[PDB]
Amino acid sequence: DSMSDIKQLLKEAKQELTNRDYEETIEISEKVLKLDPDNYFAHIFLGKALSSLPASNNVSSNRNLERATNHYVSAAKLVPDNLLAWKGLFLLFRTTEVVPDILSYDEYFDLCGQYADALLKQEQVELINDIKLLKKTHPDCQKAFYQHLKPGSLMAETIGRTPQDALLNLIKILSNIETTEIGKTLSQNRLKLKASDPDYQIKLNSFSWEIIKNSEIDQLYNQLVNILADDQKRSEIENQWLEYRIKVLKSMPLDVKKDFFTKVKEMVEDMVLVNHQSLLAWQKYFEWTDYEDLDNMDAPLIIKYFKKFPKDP
């Protein structure tokens, strides 16, 4: 239980691990790790040695490799810039197809983002190719990739191989996830509501709130709106956004609807001020602005409105 003792012990550990005596390394490393609660090297030896330890079956392989997976991550967390742990860790991701699927998809990229920072100082195409192949091979993670690819994450600065597009895709992902998620909720709910109480639509829409309240899509939409900085795309995305915003209005209760509605009205008016292409804006703008008398309402705006859209009823 001493510095020279731990050194010599780890020497004995690594020298035994070099001999491919994995059952021995898994045994020796744990002792040192027991002596010194946290040790950068012991954890790596433990990880590699456990991972490489043969598996008579799937359960053992799984438990063994999870345990193996943990100590690498711990070793990587302990020492930020040490490439041995990391390089050893990702080889395990490449080696075991289960590893990315068992580890939280978020955590993967979360590890990558930390990797890249050190990788930049020391040496990086392997990571990009490997991860891209992961995005192409496994399509479920598309949610995560676009989450961190979006500006404001360690990986955004780290990799970033446009963010606006990378963020746009996320909006549609989450949107589709929400839509498909609501449908399963529809069946059980709609049966409750009667056939002909006039608030049927609203009653059904009210139940949809549980999925939207947790959804932070709108903010993402705002960000995407601002960063775009291209007239046409900006306008189109704005239009879609407004469509979403009013969908949410259909979604939210009476109490919250009023509180939020001022925002959307201000938004629409802001659009109408800059003659945005989206009809919905103009339409809703004129419908929503209530006029004391019909002889005191805006006159040129509606003429520009008609001139702009002679097809709109």
# chains A, B, ... in the order shown; residues from 1 in each chain; ligands from 1
>>> select_by_dssp(residues="region 138-242 of chain A", states="helix (DSSP H, G or I)", output="PyMOL selection string")
chain A and resi 142-149+154-158+163-190+200-207+209-213+217-228+231-242
>>> residues_around(residues="residue 269 (chain A)", least_positions_apart="3", cutoff="8 Å", atoms="only C-alpha atoms", output="PyMOL selection string")
chain A and resi 265-266+272-273+281+285
>>> residues_around(residues="residue 203 (chain A)", least_positions_apart="4", cutoff="7 Å", atoms="only C-alpha atoms", output="MDAnalysis selection string")
chainID A and resid 193 199 207
>>> residues_around(residues="region 9-26 of chain A", least_positions_apart="5", cutoff="12 Å", atoms="only C-alpha atoms", output="count of residues only")
30
>>> residues_around(residues="residue 243 (chain A)", least_positions_apart="5", cutoff="10 Å", atoms="only C-alpha atoms", output="list in words")
residues 237, 238, 248, 249, 278, 280 and 281 of chain A
>>> write_last_selection(atoms="N, CA and C atoms", output="mmCIF file, in the first residue's frame")
data_model
loop_
_atom_site.group_PDB
_atom_site.id
_atom_site.type_symbol
_atom_site.label_atom_id
_atom_site.label_comp_id
_atom_site.auth_asym_id
_atom_site.auth_seq_id
_atom_site.Cartn_x
_atom_site.Cartn_y
_atom_site.Cartn_z
ATOM 1 N N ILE A 237 -39.245 28.463 -43.329
ATOM 2 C CA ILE A 237 -39.096 27.924 -41.983
ATOM 3 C C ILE A 237 -39.977 28.703 -41.011
ATOM 4 N N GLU A 238 -40.037 30.022 -41.193
ATOM 5 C CA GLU A 238 -40.922 30.866 -40.389
ATOM 6 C C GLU A 238 -42.371 30.415 -40.531
ATOM 7 N N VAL A 248 -49.755 24.216 -31.553
ATOM 8 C CA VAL A 248 -49.612 24.192 -30.103
ATOM 9 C C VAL A 248 -50.803 24.879 -29.440
ATOM 10 N N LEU A 249 -51.281 25.967 -30.041
ATOM 11 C CA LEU A 249 -52.447 26.674 -29.515
ATOM 12 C C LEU A 249 -53.652 25.754 -29.496
ATOM 13 N N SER A 278 -46.162 34.046 -46.166
ATOM 14 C CA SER A 278 -47.141 33.112 -45.601
ATOM 15 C C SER A 278 -48.525 33.732 -45.432
ATOM 16 N N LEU A 280 -51.142 32.464 -44.011
ATOM 17 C CA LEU A 280 -51.632 32.185 -42.663
ATOM 18 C C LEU A 280 -51.417 33.378 -41.744
ATOM 19 N N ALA A 281 -50.245 33.992 -41.873
ATOM 20 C CA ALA A 281 -49.912 35.196 -41.128
ATOM 21 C C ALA A 281 -50.933 36.297 -41.405
#
>>> closest_residue(among="A:164, A:308, A:297, A:197", to="residue 229 (chain A)", atoms="only C-alpha atoms")
A:164
>>> closest_residue(among="A:290, A:220, A:244, A:277", to="residue 309 (chain A)", atoms="only C-alpha atoms")
A:277
>>> atom_distance(atom1="CA of residue 161 (chain A)", atom2="CA of residue 75 (chain A)")
27.7 Å
>>> residues_around(residues="residue 66 (chain A)", least_positions_apart="6", cutoff="12 Å", atoms="only C-alpha atoms", output="ChimeraX atom specification")
/A:47-48,50-51,58-60,72-73,92-93,96,98-103
>>> write_last_selection(atoms="N, CA, C and O atoms", output="PDB file, in the first residue's frame")
ATOM      1  N   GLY A  47     -10.262  -2.696 -17.998  1.00  0.00           N
ATOM      2  CA  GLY A  47     -11.175  -2.624 -19.124  1.00  0.00           C
ATOM      3  C   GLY A  47     -10.798  -3.557 -20.262  1.00  0.00           C
ATOM      4  O   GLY A  47     -11.591  -4.421 -20.646  1.00  0.00           O
ATOM      5  N   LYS A  48      -9.597  -3.378 -20.808  1.00  0.00           N
ATOM      6  CA  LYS A  48      -9.145  -4.186 -21.938  1.00  0.00           C
ATOM      7  C   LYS A  48      -9.120  -5.672 -21.576  1.00  0.00           C
ATOM      8  O   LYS A  48      -9.596  -6.520 -22.341  1.00  0.00           O
ATOM      9  N   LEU A  50     -10.806  -7.283 -19.181  1.00  0.00           N
ATOM     10  CA  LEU A  50     -12.155  -7.821 -19.022  1.00  0.00           C
ATOM     11  C   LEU A  50     -12.841  -7.985 -20.373  1.00  0.00           C
ATOM     12  O   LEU A  50     -13.458  -9.017 -20.640  1.00  0.00           O
ATOM     13  N   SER A  51     -12.736  -6.968 -21.222  1.00  0.00           N
ATOM     14  CA  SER A  51     -13.353  -7.019 -22.539  1.00  0.00           C
ATOM     15  C   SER A  51     -12.851  -8.233 -23.318  1.00  0.00           C
ATOM     16  O   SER A  51     -13.642  -8.986 -23.886  1.00  0.00           O
ATOM     17  N   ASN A  58     -23.808 -15.360 -23.968  1.00  0.00           N
ATOM     18  CA  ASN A  58     -24.190 -13.970 -24.207  1.00  0.00           C
ATOM     19  C   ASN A  58     -24.337 -13.144 -22.931  1.00  0.00           C
ATOM     20  O   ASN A  58     -23.912 -11.991 -22.884  1.00  0.00           O
ATOM     21  N   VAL A  59     -24.951 -13.727 -21.906  1.00  0.00           N
ATOM     22  CA  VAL A  59     -25.153 -13.027 -20.639  1.00  0.00           C
ATOM     23  C   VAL A  59     -23.815 -12.640 -20.007  1.00  0.00           C
ATOM     24  O   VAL A  59     -23.625 -11.496 -19.570  1.00  0.00           O
ATOM     25  N   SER A  60     -22.888 -13.593 -19.975  1.00  0.00           N
ATOM     26  CA  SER A  60     -21.563 -13.351 -19.422  1.00  0.00           C
ATOM     27  C   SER A  60     -20.852 -12.288 -20.242  1.00  0.00           C
ATOM     28  O   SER A  60     -20.283 -11.360 -19.686  1.00  0.00           O
ATOM     29  N   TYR A  72     -13.293   1.981 -18.659  1.00  0.00           N
ATOM     30  CA  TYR A  72     -12.696   2.849 -19.676  1.00  0.00           C
ATOM     31  C   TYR A  72     -13.222   4.269 -19.520  1.00  0.00           C
ATOM     32  O   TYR A  72     -12.450   5.225 -19.466  1.00  0.00           O
ATOM     33  N   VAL A  73     -14.547   4.388 -19.456  1.00  0.00           N
ATOM     34  CA  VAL A  73     -15.209   5.677 -19.297  1.00  0.00           C
ATOM     35  C   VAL A  73     -14.731   6.368 -18.031  1.00  0.00           C
ATOM     36  O   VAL A  73     -14.441   7.564 -18.042  1.00  0.00           O
ATOM     37  N   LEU A  92     -13.148  -0.371 -28.543  1.00  0.00           N
ATOM     38  CA  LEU A  92     -14.158  -1.239 -27.953  1.00  0.00           C
ATOM     39  C   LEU A  92     -15.522  -0.972 -28.581  1.00  0.00           C
ATOM     40  O   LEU A  92     -16.323  -1.891 -28.745  1.00  0.00           O
ATOM     41  N   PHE A  93     -15.786   0.287 -28.927  1.00  0.00           N
ATOM     42  CA  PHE A  93     -17.022   0.632 -29.620  1.00  0.00           C
ATOM     43  C   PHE A  93     -17.031   0.007 -31.009  1.00  0.00           C
ATOM     44  O   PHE A  93     -18.044  -0.536 -31.452  1.00  0.00           O
ATOM     45  N   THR A  96     -17.160  -4.025 -30.462  1.00  0.00           N
ATOM     46  CA  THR A  96     -18.446  -4.567 -30.034  1.00  0.00           C
ATOM     47  C   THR A  96     -19.604  -3.722 -30.554  1.00  0.00           C
ATOM     48  O   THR A  96     -19.760  -2.563 -30.171  1.00  0.00           O
ATOM     49  N   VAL A  98     -22.578  -4.136 -29.872  1.00  0.00           N
ATOM     50  CA  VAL A  98     -23.519  -3.958 -28.779  1.00  0.00           C
ATOM     51  C   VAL A  98     -23.228  -2.672 -28.003  1.00  0.00           C
ATOM     52  O   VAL A  98     -24.151  -1.988 -27.563  1.00  0.00           O
ATOM     53  N   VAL A  99     -21.944  -2.344 -27.863  1.00  0.00           N
ATOM     54  CA  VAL A  99     -21.498  -1.233 -27.017  1.00  0.00           C
ATOM     55  C   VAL A  99     -22.231   0.093 -27.268  1.00  0.00           C
ATOM     56  O   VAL A  99     -22.724   0.714 -26.326  1.00  0.00           O
ATOM     57  N   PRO A 100     -22.292   0.541 -28.533  1.00  0.00           N
ATOM     58  CA  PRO A 100     -23.061   1.759 -28.818  1.00  0.00           C
ATOM     59  C   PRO A 100     -24.543   1.620 -28.479  1.00  0.00           C
ATOM     60  O   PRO A 100     -25.159   2.592 -28.047  1.00  0.00           O
ATOM     61  N   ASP A 101     -25.103   0.429 -28.668  1.00  0.00           N
ATOM     62  CA  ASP A 101     -26.527   0.209 -28.430  1.00  0.00           C
ATOM     63  C   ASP A 101     -26.862   0.100 -26.939  1.00  0.00           C
ATOM     64  O   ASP A 101     -27.951   0.494 -26.517  1.00  0.00           O
ATOM     65  N   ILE A 102     -25.936  -0.438 -26.147  1.00  0.00           N
ATOM     66  CA  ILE A 102     -26.138  -0.562 -24.699  1.00  0.00           C
ATOM     67  C   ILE A 102     -25.902   0.767 -23.992  1.00  0.00           C
ATOM     68  O   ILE A 102     -26.657   1.142 -23.097  1.00  0.00           O
ATOM     69  N   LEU A 103     -24.853   1.476 -24.393  1.00  0.00           N
ATOM     70  CA  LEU A 103     -24.565   2.778 -23.815  1.00  0.00           C
ATOM     71  C   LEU A 103     -25.572   3.770 -24.367  1.00  0.00           C
ATOM     72  O   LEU A 103     -25.953   3.683 -25.534  1.00  0.00           O
TER      73      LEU A 103
END
>>> closest_atom_pairs(of="region 61-124 of chain A", to="region 139-158 of chain A", cutoff="6 Å", atoms="only C-alpha atoms", output="Markdown table")
| residue | atom | partner | partner_atom | distance |
| --- | --- | --- | --- | --- |
| A:106 | CA | A:144 | CA | 5.8 |
| A:113 | CA | A:155 | CA | 4.5 |
| A:116 | CA | A:158 | CA | 5.8 |
>>> write_last_selection(atoms="N, CA and C atoms", output="PDB file, in the first residue's frame")
ATOM      1  N   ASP A 106     -26.784   9.124 -26.377  1.00  0.00           N
ATOM      2  CA  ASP A 106     -26.308  10.453 -26.010  1.00  0.00           C
ATOM      3  C   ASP A 106     -24.884  10.359 -25.473  1.00  0.00           C
ATOM      4  N   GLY A 113     -17.207  13.991 -28.053  1.00  0.00           N
ATOM      5  CA  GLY A 113     -16.942  15.409 -27.900  1.00  0.00           C
ATOM      6  C   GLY A 113     -15.739  15.667 -27.017  1.00  0.00           C
ATOM      7  N   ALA A 116     -12.468  14.423 -29.053  1.00  0.00           N
ATOM      8  CA  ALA A 116     -12.011  15.330 -30.105  1.00  0.00           C
ATOM      9  C   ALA A 116     -11.122  16.460 -29.582  1.00  0.00           C
TER      10      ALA A 116
END
>>> closest_residue(among="A:165, A:312, A:298, A:178", to="residue 279 (chain A)", atoms="only C-alpha atoms")
A:312
>>> closest_residue(among="A:287, A:86, A:137, A:162", to="residue 227 (chain A)", atoms="only C-alpha atoms")
A:162
>>> atom_distance(atom1="CA of residue 123 (chain A)", atom2="CA of residue 80 (chain A)")
15.3 Å
